[PDB]
Amino acid sequence: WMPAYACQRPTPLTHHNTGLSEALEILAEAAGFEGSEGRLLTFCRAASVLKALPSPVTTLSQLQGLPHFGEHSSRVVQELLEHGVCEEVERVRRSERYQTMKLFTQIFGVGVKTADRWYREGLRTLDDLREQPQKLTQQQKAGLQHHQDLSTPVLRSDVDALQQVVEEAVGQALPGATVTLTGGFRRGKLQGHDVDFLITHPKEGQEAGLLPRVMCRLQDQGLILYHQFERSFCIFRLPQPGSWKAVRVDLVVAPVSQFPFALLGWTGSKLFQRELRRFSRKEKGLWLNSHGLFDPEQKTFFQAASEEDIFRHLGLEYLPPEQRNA
DNA sequence: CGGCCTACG
DNA sequence: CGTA
DNA sequence: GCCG
Ligand SMILES: [Mg+2]
Ligand code: NA
Ligand code: NA
C-alpha cells in the first residue's frame with residue numbers, strides 16, 4: 001500500500017504523527033553522531049513513512065506491512081504508544097554526548113567528524129571553542145560569531161526582504177536574470193534556518209560569471225558578513241528596524257537548460273532528494289543530480305522543460321513542492 | 001552479504 | 001572536510 | 001536498520 005520510496009508518496013508539511021516521527025529522528029541523528037549513515041537513513045525513512053500516513057497511529061497493528069519498519073523502529077513506536085516515552089530515546093536525549101554533538105554540529109562549518117574530534121578532546125560548550133580559536137576554520141569562525149542570530153528562526157518577512165535585495169543585485173549584474181525562491185520556503189514552510197535562491201538567465205550562457213558579480217554587488221551594499229563559482233553559502237547582514245541580524249543565504253546559479261533540475265534539487269527536502277536520486281538509479285537506471293538526468297547506456301541527457309517533465313520521465317506521479325516534505 | 005544521493009567550495 |  |  002504505502003510506497004517504499006519517499007518520492008512515490010505525498011508528504012505534507014503538517015501531518016498526524018509528529019511525536020512518533022520526532023522520536024525516530026532523534027535516533028537517526030544519534031546514529032549519524034556515531035558514524036552509522038545506514039541506521040540514520042533507515043530511521044529517517046521510517047519517520048518519513050509516518051509523516052505520509054493519513055491518520056494518527058494509535059495501535060501497533062497500524063504499522064504492519066509499512067516499509068522501513070522492522071523490529072527496532074516498531075519497538076520505539078510500541079513504547080511511545082504504551083507509555084508515552086521510549087527509554088532508548090530518553091537515554092539518548094539526556095546523554096552528554098548527544099547534547100554536545102547536537103550543539104557543535106548546529107554550528108555552520110561544523111559536521112559530525114569535526115564535532116566528534118572536539119568532543120574527544122574534551123570540549124563541551126561554545127565558550128570552549130571560542131577559547132581555542134586556532135582550532136577553527138574561517139568558515140567555523142563565522143558560524144560561531146553569528147551563532148545566536150543563526151539560531152533565530154528566519155521568517156517570511158525576512159525572506160521577502162532578502163529576495164528584493166538579491167533581485168536588485170542580480171538585475172544590476174545581468175539584465176534579464178531571474179531569482180527563484182527554493183528550499184524549505186518553496187515547500188511552504190513559514191520559518192526556516194536559511195534562505196535559498198536559484199538564479200538563471202533565459203539565454204543559455206549569459207549566466208557565466210554571474211555569481212561573483214552578484215556577490216561583489218551585495219558586498220558593496222554592506223550586505224555580506226561571510227562568504228567563500230556557482231554556489232555560495234553566505235551569511236548576510238539583513239537590515240532590521242534600527243539594527244540588523246545575520247541570516248544564512250544560499251545563492252546558486254544554473255544555466256537555463258539545467259533550471260528544472262536545479263529547482264528540483266534545491267527545493268528538497270534533503271531526504272526527498274536522496275530518495276528521488278536512489279529511485280532514479282536503482283529503479284530506472286538513470287543518474288540524477290541538480291544538473292541533469294543521464295542515461296548511462298545511451299550516453300544522453302534528458303531535456304526537461306519543467307519539474308513535471310522530470311517526474312514523468314522517471315515514471316513518478318508529480319508532487320508539488322508542498323508535498324515533498326519527506 | 002553490501003548498499004545506502006550526488007554534487008560543488 | 002564543509003555546504004546543499 | 002532495513003532491504004534487495
Ligand atoms: Mg540552504
Ligand atoms: Na554544522
Ligand atoms: Na533552506
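Atoms considered below: every heavy atom in the structure, side chains included; atoms not considered: hydrogens, waters and symmetry mates. Naming convention: chains lettered A, B, ... in sequence-line order (proteins, then strands); numbering from 1 in each chain.
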Using a cut-off of 4.0 Å on non-hydrogen atoms, how would the nucleic acid contact of [X] be classed: base, sugar-phosphate, or nothing?
| X | result |
| --- | --- |
| A:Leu288 | sugar-phosphate |
| A:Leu24 | nothing |
| A:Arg39 | base |

[X] vs [N]: side-chain N/O to OP1/OP2 distance below 4.0 Å:
| X | N | result |
| --- | --- | --- |
| A:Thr137 | C:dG2 | no |
| A:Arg281 | B:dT6 | yes |
| A:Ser280 | B:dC5 | no |
| A:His227 | B:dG9 | no |
| A:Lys282 | B:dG3 | no |
| A:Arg248 | C:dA4 | yes |
| A:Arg277 | B:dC5 | no |
| A:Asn289 | B:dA7 | yes |

- Query: Is any NZ, NE, NH1 or NH2 atom of the basic residue among A:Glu307 and A:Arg186 found under 4.0 Å from an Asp or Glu carboxylate oxygen of the other?
  - Reply: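 Judged by the 4.0 Å cut-off on N to carboxylate O distance, A:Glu307 and A:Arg186 do form a salt bridge.
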
- Query: Between A:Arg97 and A:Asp116, does at least one N-O distance fall below 4.0 Å, as a salt bridge requires?
  - Reply: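 A:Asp116 and A:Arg97: salt-bridged.
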
- State, with a plain yes or no, whether a side-chain heavy atom of A:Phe69 is found less than 4.5 Å away from one of A:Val77. yes

- Message: Are A:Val76 and A:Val89 packed together at the side-chain level, in the sense that at least one heavy-atom pair is separated by less than 4.5 angstrom?
- Response: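 They are in side-chain contact.
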
I need the [atom1]-[atom2] distance between [X] and [N], as an integer number of Å.
| X | N | atom1 | atom2 | value |
| --- | --- | --- | --- | --- |
| A:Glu230 | C:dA4 | CD | P | 16 Å |
| A:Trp287 | B:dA7 | CH2 | P | 9 Å |
| A:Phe261 | B:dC8 | CZ | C1' | 18 Å |
| A:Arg45 | B:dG3 | CZ | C1' | 9 Å |
| A:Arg75 | D:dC2 | CZ | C1' | 14 Å |
| A:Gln273 | B:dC8 | CD | P | 13 Å |
| A:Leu66 | D:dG1 | CG | P | 18 Å |
| A:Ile235 | C:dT3 | CD1 | P | 11 Å |

Closest to the [X] side chain: [options]?
| X | options | result |
| --- | --- | --- |
| A:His72 | D:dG1, B:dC5, B:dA7 | D:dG1 |
| A:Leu41 | C:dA4, B:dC5, D:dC2 | B:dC5 |
| A:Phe233 | B:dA7, C:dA4, D:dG1 | C:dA4 |
| A:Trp266 | B:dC8, D:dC2, C:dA4 | C:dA4 |
| A:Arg274 | C:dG2, C:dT3, B:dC5 | B:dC5 |
| A:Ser73 | D:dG1, C:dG2, C:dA4 | D:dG1 |
| A:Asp194 | C:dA4, B:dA7, B:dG9 | C:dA4 |
| A:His68 | B:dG9, C:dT3, D:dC2 | D:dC2 |

- Identify the residue among A:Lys51, A:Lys102, A:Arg93 that makes a salt bridge (charged side-chain N to carboxylate O under 4.0 Å, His left out) with A:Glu25.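 With A:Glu25 as partner, salt bridge (charged side-chain N to carboxylate O under 4.0 Å, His left out) holds for just one option, A:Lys51.
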
- Query: If you measure from OG1 on A:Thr114 to CZ on A:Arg117, what distance do you get to the nearest 0.5 Å?
  - Reply: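 Taking OG1 in A:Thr114 and CZ in A:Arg117, the distance rounds to 5.0 Å.
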
- Query: Expressed as a whole number of Å, how far does the P atom of D:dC3 sit from that of B:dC5?
  - Reply: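 One P to the other, the span is 15 Å.
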
- Considering the options A:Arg277, A:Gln273, A:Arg278, which one meets the side chain to side chain contact (heavy atoms under 4.5 Å, CB included) requirement together with A:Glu275? A:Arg278

